[PDB]
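Asker: Need coordinates for the below:
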Amino acid sequence: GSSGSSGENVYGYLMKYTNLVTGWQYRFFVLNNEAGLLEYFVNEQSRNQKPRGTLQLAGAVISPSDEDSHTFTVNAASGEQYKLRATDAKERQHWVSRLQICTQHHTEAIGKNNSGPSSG
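Answerer: Numbers count the residues shown, from 1 in each chain. The coordinates are given below.
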């Protein structure tokens, strides 16, 4: 594989499945390498605003579909899959890969539980 020495925030407009009637709906997404949580907002103008929903990656699995050029799903250890669509066929490999690494780099990092008997 490739060691990602540097780590930058991954974000991009993806299409999330809201329902059958409506189908797909373009939306903004922002990955959190620090925390390790995948959030999403109605749009980019809703960055500082409260997020609509969050999905845990730690212990998740990425399954890139083959139906359409740009398509992929983000599973979750708990039991929740996400349906998104990359901007293009080139950006698809970016998200899938990036995430596939965030889900592991984290799930693996999670170990010794150091509550912290000392703060401030």
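Asker: Nearest residue to the middle of the chain?
Answerer: By Cα atoms, centre = their mean, the chain has its centre lying nearest to residue 38, at 4.2 Å.
Asker: Can you tell me the closest non-neighbouring residue to that residue?
Answerer: residue 55 (4.7 Å; Cβ to Cβ, 6 or more residues apart in numbering). C-beta coordinates here come from the backbone N, C-alpha and C atoms, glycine included.
Asker: Just to check, that neighbour is in contact with residue 81?
Answerer: No. Residue 55 sits out of contact with residue 81 when judged by Cβ atoms under 8 Å, with a separation of 9.1 Å.
Asker: burial count for the residue nearest to residue 86 when sequence neighbours are not counted?
Answerer: Once flanking residues are discounted, residue 86 sits nearest to residue 92: 3.9 Å by Cβ to Cβ, 6+ apart. The number of residues packed near residue 92 is 20, by other Cβ atoms under 10 Å.
Asker: Next: residue 113.
Answerer: Quick note: residue 113 (other Cβ under 10 Å) scores 6 neighbours.
Asker: ok so, going back, let me know the helix or strand that the residue nearest to residue 86 is in.
Answerer: helix 89-109 (DSSP states H and E).
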